[PDB]
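Next comes entry_26.txt, with compact mmCIF, N, CA and C atoms.
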```
# COMPACT_ATOMS: atom_id res chain seq x y z
N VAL L 1 4.23 3.90 5.11
CA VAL L 1 5.23 3.59 4.09
C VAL L 1 4.59 2.93 2.88
N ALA L 2 5.08 3.28 1.69
CA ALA L 2 4.55 2.72 0.45
C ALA L 2 5.64 1.99 -0.32
N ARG L 3 6.86 2.52 -0.26
CA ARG L 3 7.99 1.92 -0.96
C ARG L 3 8.15 0.45 -0.57
N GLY L 4 7.69 0.10 0.63
CA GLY L 4 7.79 -1.27 1.09
C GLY L 4 6.44 -1.87 1.40
N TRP L 5 5.38 -1.13 1.11
CA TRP L 5 4.02 -1.60 1.36
C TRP L 5 3.22 -1.66 0.06
N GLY L 6 3.05 -0.51 -0.58
CA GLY L 6 2.31 -0.46 -1.82
C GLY L 6 2.89 -1.36 -2.89
N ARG L 7 4.19 -1.59 -2.82
CA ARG L 7 4.87 -2.45 -3.79
C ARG L 7 4.31 -3.86 -3.75
N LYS L 8 3.92 -4.31 -2.56
CA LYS L 8 3.37 -5.65 -2.39
C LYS L 8 1.85 -5.62 -2.49
N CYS L 9 1.22 -4.76 -1.69
CA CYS L 9 -0.23 -4.63 -1.69
C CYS L 9 -0.66 -3.28 -2.24
N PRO L 10 -0.60 -3.14 -3.58
CA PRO L 10 -0.98 -1.90 -4.26
C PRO L 10 -2.48 -1.64 -4.20
N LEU L 11 -3.27 -2.65 -4.57
CA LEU L 11 -4.72 -2.53 -4.56
C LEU L 11 -5.23 -2.24 -3.15
N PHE L 12 -4.40 -2.52 -2.15
CA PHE L 12 -4.77 -2.29 -0.76
C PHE L 12 -3.91 -1.19 -0.14
N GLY L 13 -3.05 -0.59 -0.96
CA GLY L 13 -2.18 0.47 -0.48
C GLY L 13 -2.95 1.61 0.15
N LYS L 14 -3.31 1.45 1.42
CA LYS L 14 -4.06 2.48 2.14
C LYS L 14 -3.66 3.88 1.66
N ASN L 15 -2.36 4.09 1.50
CA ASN L 15 -1.85 5.38 1.05
C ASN L 15 -2.78 6.00 0.00
N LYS L 16 -3.18 5.19 -0.97
CA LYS L 16 -4.07 5.65 -2.03
C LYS L 16 -5.42 4.95 -1.95
N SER L 17 -5.40 3.63 -1.81
CA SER L 17 -6.62 2.85 -1.72
C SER L 17 -7.55 3.41 -0.65
N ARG L 18 -6.97 3.88 0.44
CA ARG L 18 -7.74 4.45 1.54
C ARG L 18 -7.29 5.87 1.84
```
Rewrite the structure of this file - the entire thing - as structure tokens.
Amino acid sequence: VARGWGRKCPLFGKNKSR
């Protein structure tokens, strides 16, 4: 999930960061 994850930890948003 990003809508509730990347919003807080974007620089660490595995979705994209990883």
Just list the residues in chain L DSSP gives helix (DSSP H, G or I) on the backbone, as number ranges by chain. L: 14-17
As a VMD selection string, please: the residues near residue 1 of chain L (cut-off 8 Å, all atoms listed in the file, same-chain neighbours under 4 positions excluded). chain L and resid 5 to 7 13 15
For a test of reading the model, state the distance in Å between atom CA of residue 17 of chain L and atom N of residue 3 of chain L, rounded to one decimal.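 Rounded to one decimal, the two atoms are 13.6 Å apart.
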